[PDB]
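Read off the chains here:
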Amino acid sequence: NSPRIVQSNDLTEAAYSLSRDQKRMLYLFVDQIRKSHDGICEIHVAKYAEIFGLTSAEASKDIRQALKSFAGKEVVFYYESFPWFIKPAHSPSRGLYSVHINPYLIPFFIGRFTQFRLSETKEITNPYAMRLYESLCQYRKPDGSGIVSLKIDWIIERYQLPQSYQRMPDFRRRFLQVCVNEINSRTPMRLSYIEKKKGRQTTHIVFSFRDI
DNA sequence: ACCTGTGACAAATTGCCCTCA
DNA sequence: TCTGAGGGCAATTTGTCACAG
DNA sequence: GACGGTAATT
DNA sequence: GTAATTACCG
Ligand SMILES: [Mg+2]
Ligand SMILES: [Mg+2]
């Protein structure tokens with residue numbers, strides 16, 4: 001049974017922009033941190049490859065490029081911004097990377113919490129769909145169902161959606177429908193929604209879900 | 001002016017393949 | 001030989017915007 | 001490369 | 001023929 005990720009709701013609702021590969025690595029960091037400290041973590045290429053059904057080569061490519069793409073990335077808890085890394089990653093041994101997570105991030109990870117097993121999200125491709133599945137997990141009930149109304153502006157400012165998704169039809173076509181379809185095809189969740197409006201503008205999205 | 005969706009194009013990402021220390 | 005660090009790809013997805021209703 | 005199987009050399 | 005350590009090859 002795959003690793004049970006838990007995280008403070010403050011991270012689920014933080015403002016940041018990470019790729020799929022970066023979020024994948026981040027889940028393992030959160031797992032390492034929680035089992036305890038000082039903040040120094042490690043990643044093995046071959047274990048990553050086995051976890052996500054990747055080759056060693058493509059695993060190596062994903063880790064390396066995610067890792068160099070962390071530089072300058074920042075995290076906002078609503079309104080405080082932090083860098084993810086305080087030192088570049090580096091490899092003491094072949095197939096092994098050592099990373100220095102900002103120790104000031106530790107209390108935001110382990111605290112009003114969100115939890116999901118890693119197999120639920122490891123087939124998801126779109127990172128915004130990972131964000132959506134995390135925010136839905138934050139409201140899930142023991143039995144596996146839930147319902148929540150999210151404000152569109154808050155979705156855009158938390159997930160840092162790109163500017164053209166401020167136009168609602170592109171928001172619908174390239175984010176909402178794709179990430180709902182992905183969740184429904186790639187997780188053990190079954191998700192539906194309906195739109196809440198005010199005048200001509202759509203202001204919130206109401207998600208209902210149950211477990212299969 | 002506001003809303004919706006679709007058609008196109010560009011930019012990014014994906015799972016691939018190959019090569020050599 | 002088995003790893004993994006590189007070097008590439010075509011097909012597909014994602015981000016953007018012009019245009020009609 | 002890094003590691004271990006296998007022949008080779010004392 | 002054996003023993004055992006070793007260069008090196010895959
Ligand atoms: Mg990859
Ligand atoms: Mg999709």
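Residues numbered from 1 in each chain as written, not as in the entry; some residues may be left out. Chains lettered and ligands numbered in written order. Heavy atoms only, no water. Residues with missing side-chain atoms left out of burial classes, pairs and counts.

You'll find chain A entered in the PDB entry as Replication initiation protein, with Escherichia coli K-12 given as the organism. Under the UniProt heading Sequence similarities, the entry covering chain A gives this text: "Belongs to the initiator RepB protein family." (UniProt positions renumbered as here; feature names shortened; annotations may be inferred.)

Caption draft 1: Geometry of the coordination of the magnesium ion (ligand 1). Within the protein, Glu-58 (OE), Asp-62 (OD) and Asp-62 (OD) serve as the donor atoms for the magnesium ion (ligand 1), at 2.0 to 2.3 Å. With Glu-58 and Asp-62 both in helix α4 (residues 56–68) and 4 residues apart, the pair spans about one turn of that helix. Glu-58 sits in the partly exposed class, given a relative accessible area of 31%. Take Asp-62: its relative accessible area is 5%, and that puts it in the buried class. (Donors = N, O, S within 2.8 Å, 3.2 Å for Na, K, Ca; no water. Helix = DSSP H or I, 4+ residues; strand = E, 2+ residues; numbered from the N terminus. Buried < 20%, exposed > 50% of the residue type's maximum accessible area, 1.4 Å probe, protein only.)

Caption draft 2: Quick look at the UniProt feature "DNA-binding region" in chain A. Those places that UniProt annotates as "DNA-binding region" correspond, in this numbering, to residues 56–64 and 167–174. Taken end to end, residues 56–64 comprises 100% helix and 0% strand; its first and last C-alpha atoms sit 12 Å apart. Taken end to end, residues 167–174 is 88% helix and 0% strand, and its two terminal C-alpha atoms sit 11 Å from one another.

Caption draft 3: Just the environment of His-204, in detail. Tracing the chain through its elements places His-204 in strand β9 (residues 201–211). Along the backbone, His-204 and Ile-194 are 10 residues apart, and their C-alpha atoms lie at a distance of 9.0 Å. Those residues in contact with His-204 that sit more than four places away from it in its chain are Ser-149, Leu-150, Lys-151, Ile-152, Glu-195, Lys-196 and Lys-198. A distance of 2.6 Å separates the side chain of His-204 from the side chain of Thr-203, its partner in a polar contact. (Contact = heavy atoms within 4.5 Å. Polar contact = N/O pair within 3.5 Å; in protein donor to acceptor, adjacent residues only side chain to side chain.)

Caption draft 4: Geometry of the protein's contact with DNA strand C. In the neighbourhood of DNA strand C, 20 residues make up the surrounding shell, with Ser-56, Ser-60, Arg-94, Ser-164 and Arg-174 lying closest. The protein-proximal atoms of DNA strand C, defined as those within 4 Å of the protein, are 56% sugar or phosphate. Within the backbone of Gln-163, a nitrogen or oxygen atom sits 3.4 Å from a phosphate oxygen of DNA strand C. Among the elements of the structure, α3 (45–51), α4 and α8 (168–186) are those that each provide at least two residues to the surface near DNA strand C. The residue makeup of the surface near DNA strand C, split by class, is 7 nonpolar, 6 polar and 7 charged. (Near = heavy atom within 4 Å. Nonpolar A, V, L, I, M, F, W, Y, C, P; charged D, E, K, R; others polar.)

Caption draft 5: Inspection of the sheet that holds strand β7 (residues 146–151) at higher detail. Taking strand neighbours across the sheet as the criterion, the 3 strands line up as β7-β9-β8 in an open arrangement whose pairing is antiparallel. This sheet does not close on itself; its edge strands, each paired only once, are β7 and β8 (189–198). Neighbour-to-neighbour, the strand axes of the sheet open up by a mean angle of 20°, direction not taken into account. Pairing analysis gives 6 bridges linking β7 to β9, with the strands arranged antiparallel. Bridge assignment links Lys-151 to a residue of β9, and that residue is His-204. Running over the sheet, α8 touches β8 and β9 and is turned about 160° from β8. (Pairing = 2+ DSSP bridges. Axes fitted to C-alpha atoms, helices over the stretch in contact; angles between N-to-C directions.)

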